[PDB]
RNA sequence: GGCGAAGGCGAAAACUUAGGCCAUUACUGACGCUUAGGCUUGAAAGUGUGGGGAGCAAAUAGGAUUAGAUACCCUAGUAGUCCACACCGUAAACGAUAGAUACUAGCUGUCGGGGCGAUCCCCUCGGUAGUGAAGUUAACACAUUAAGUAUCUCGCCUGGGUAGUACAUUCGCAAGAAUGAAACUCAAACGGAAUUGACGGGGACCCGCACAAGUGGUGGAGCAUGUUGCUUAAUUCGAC
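Residue numbers (the authors' numbering), protein chains in the order written: chain J, 8 to 121; chain F, 2 to 155; chain T, 5 to 57; chain Q, 40 to 104.
In structure tokens:
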């Protein structure tokens, strides 16, 4: 089956959305911190991100995926624990890809937590 | 700021010749005085071997070894509440907590003779069914929940 | 952006880059005044170069 | 040291010289400051304008590695 | 680091033009500074404006703790989020130190030009900071880019809360901007510098069952004793 594809890891400010996608367009699996029953205040915990990464890695390794192109967004140890759990679960990596949202004074997010 | 201290315990009781039974004397102890408690402990040994034959040394060592807790929870607060982060413990805390649990559940049961209930507590702590192994299961199943914030530095 | 010189150790080189991304991306998560933006950027740059030498 | 107005004959262009300007740019496709390049401010701004012109010419990616 | 009056100016390229500086051994030959006149500019912000308007937001709606949250956490939300056009015009618009100039310790400088010279380094003309002698101030510091010494010219302040307040009058549809008090009242200004310990829900810091891992636990209960509440004529008094 699949042995090399694309995975898009979105380390949300309080979650981490991991979904394996094919370059042709289809996707393989998707698991959120809530899809496992840990939604509302535990998704922000990095171990929830690690467990979601473990889930997607194990299901896509049952699909046979050894390595994958990884477009990770969101900064912190969540984006590191995700790839750590990927490597531990047999889902190796080739490199980190950064097309990260670095706007040149672009849009405006909601106001700062004060 | 207090640093590490020694973990002192009175030398072995010459009736069974290990510091473990002496620590049991000291922690099952009520208002410590070794005038009468040693004869009652001899009787306790007797009721241990009489009920469902088990040499106290072997059963106690197996129970202590299996009940050994590994996880402890450090504290870091956000000024609104407090959470826990797991760390590791040495074998000294393991054995101290195991002896503590065996002694505390030895004194508190419900059957005619107190000798009988302490013997029965030893018997039910023998096969590592929940009398104190529940603590070992609970610490492992709850510190893994405190791994939630383990990968966060603040 | 894309930093990788190894098969597995690229994350070792990427830890410092991730700290740098933290300190250059806490500005994109919320909007703040432009004058203070330039002030903090230049002040942090001068502080970092001061500690380097 | 000095990275511009010394690797050429004072005649400035962008043809067949970006290969000499590459090592003045980190593999991040980022313009190395005067702090990193080490050239004079005149030559540092030479390097900066040439590299930004090359970026607008698709000779070197803006933020892509 | 630089350009421009301060305001502002940074993805590249082209369009019209810029001031200023180096060498000017060159040239008219004091033509040098000057404000009340007379102006424009001026971050932002608000208004209209023609469209645009991703994005989020002044008010607002809610969900939560709360002493309530019209603040703070979270999402929607109106003007606004750009240029072309007009009003608007204040700002930590400050070097909190007016424009220009005569020099004056020192060191390293930083860039542009010139000289030199493989580069480079060094020196010099300007912008260009720290260090620091003396002097001064209350000190910070200014310190050769002065706050040392001054020079031409301009604007400002004459104990205060009052009050940039009313008004004459100017600009502006307006808001406001410009100018600008008086009356009452006090004996000083939340008057600046700096000392002292102190404070902190500012910073590191050391030990102390202070904390923690404990033993046994108290207040729970029966009975005592003190005290408090009553009440007496007093439950002597007090402590707190």
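Each residue gets a CB set at the ideal place from its N, CA and C atoms; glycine is no exception.
* **Buried or exposed by the 16-neighbour rule on C-beta atoms within 10 Å, applied to residue 7(J)** => Residue numbering for chain J in the displayed model covers 8 to 121; residue 7(J) lies beyond these limits and cannot be assessed.
Problem - residue 89(F) burial status per 10 Å Cβ neighbour count (16 or more: buried) - result: It is exposed - the Cβ of residue 89(F) has fewer than 16 other Cβ atoms within 10 Å.
Review point. Since residue 99(Q) meets chain T, which of its residues come closer than 9 Å, beta carbon to beta carbon?
Key: Listed along chain T is no residue with a C-beta nearer than 9 Å to that of residue 99(Q); the closest approach is about 14 Å.
- Once you ignore the five residues that flank residue 82(F) on each side, which residues in its own chain have a CB closer than 7 Å to its CB? So no residue of the chain qualifies.
Quiz item: So, is the C-beta of residue 37(T) closer than 8 Å to a C-beta in chain J?
Solution: no
Query - Interface residues of the region 13-33 of chain J facing chain T [CB-CB below 8 Å] - result: 20
Sequence-distant residues of the same chain with beta carbon closer than 6 Å to residue 76(J), five excluded per side:
So the qualifying residues of the chain are 13.
- Task: Rank 84(Q), 81(Q) and 91(Q) by C-alpha distance to the C-alpha of residue 69(Q) and give the top, closest one.
- Result: 91(Q)
Inset, instruction - Following the continuous beta strand (DSSP E) through residue 12(T), name the residue where it begins and the one where it ends. - result: Where residue 12(T) is concerned, there is no enclosing beta strand (DSSP E), given that its DSSP letter is neither H nor E.
If I follow the unbroken beta strand (DSSP E) through residue 16(F), where does it start and stop?
First-last for residue 16(F): undefined, no H or E at that position.
* **Beta-carbon spacing of residue 47(Q), residue 56(Q) below 8 Å** => Yes, Cβ-Cβ distance for residue 47(Q) and residue 56(Q) is below 8 Å.
Tell me, please, whether the CB atom of residue 74(J) is closer than 8 Å to any CB atom in chain F? no
Could you confirm whether any beta carbon from chain J is found closer than 8 Å to the beta carbon of residue 45(T)? So, not an interface residue.
Give a yes or no on contact between the region 99-107 of chain J and the region 69-83 of chain J, applying the rule of three or more CB pairs nearer than 8 Å.
Because the criterion of three Cβ pairs below 8 Å is met, the region 99-107 of chain J and the region 69-83 of chain J touch.
Classify residue 21(T) as helix, strand or coil using the three-state DSSP reduction. helix
Exercise for the section: Within 10 angstroms of the Cβ of residue 102(F), are there 16 or more other Cβ atoms? Answer buried if so, exposed if not. Expected result: buried
Separation of residue 86(F) from residue 55(J), as counted between CA atoms: Counting only the Cα atoms, residue 86(F) lies some 15 Å from residue 55(J).
**Report entry** Positions along the region 136-152 of chain F whose CB lies within less than 7 Å of some CB in chain J
**Finding:** Residues of the region 136-152 of chain F that bring their beta carbon within less than 7 Å of a beta carbon in chain J comprise 148, 149, 150, 151 and 152, in sequence order.
Next on the checklist: Which runs of the alpha helix (DSSP H) at least 4 residues long sit entirely within the region 43-73 of chain J? Give them in chain order.
Outcome noted: 53-69
> Under a Cβ-count criterion, where at least 16 other Cβ atoms within 10 Å of its own Cβ denotes burial, should residue 49(J) be classed as buried or exposed?
Replying inline: buried
Using a 10 Å radius around the Cβ and a threshold of 16 neighbouring Cβ atoms, would you call residue 50(F) buried or exposed? By the beta-carbon neighbour count (other beta carbons within 10 angstroms, threshold 16), residue 50(F) is exposed.
Starting from residue 122(F), follow the alpha helix (DSSP H) in both directions and report where the run begins and ends.
115-127
### Task
With a threshold of 16 other CB atoms inside 10 Å of the CB of residue 69(J), please say whether the residue is buried or exposed.
exposed
Quiz prompt | C-alpha gap between residue 147(F) and residue 84(F), whole angstroms | solution = Distance between the alpha carbons of residue 147(F) and residue 84(F): 8 Å.
### Query
So what's residue 65(Q) in DSSP terms, helix, strand or just coil?
strand
From which residue to which residue does the alpha helix (DSSP H) around residue 87(F) run? Run containing residue 87(F): none in the alpha helix (DSSP H); it sits in the beta strand (DSSP E), 83-89.
Problem - Nearest neighbour of residue 153(F), chosen from 86(J), 34(J), 15(J) and 72(J) [CA to CA] - result: 86(J)
query: What's the gap between the Cα of residue 52(F) and the Cα of residue 128(F)?
result: CA-CA distance, residue 52(F) to residue 128(F), rounds to 14 Å.
So, does the CB of residue 40(Q) fall closer than 8 Å to a CB anywhere in chain T? Using a CB distance cut-off of 8 Å, residue 40(Q) does not count as an interface residue toward chain T.
- Task: Would you decide whether residue 126(F) is buried or exposed? Buried here means 16 or more other CB atoms lie within 10 Å of its CB.
- Result: buried
Bridge partners - residue 104(J), DSSP secondary structure assignment:
Per DSSP, 78(J).
Using a Cβ distance threshold of 8 Å, determine whether the region 37-47 of chain T contacts the region 10-26 of chain T, with at least three qualifying pairs required.
no
| Start-to-end residues for the alpha helix (DSSP H) that takes in residue 92(J) | It spans 85-95 - the alpha helix (DSSP H) in which residue 92(J) sits, taken as one unbroken run.
ask   = What are the start and end residues of the beta strand (DSSP E) that includes residue 157(F)?
value = With chain F represented from 2 up to 155, any question about residue 157(F) goes unanswered, as that position is not in the structure.
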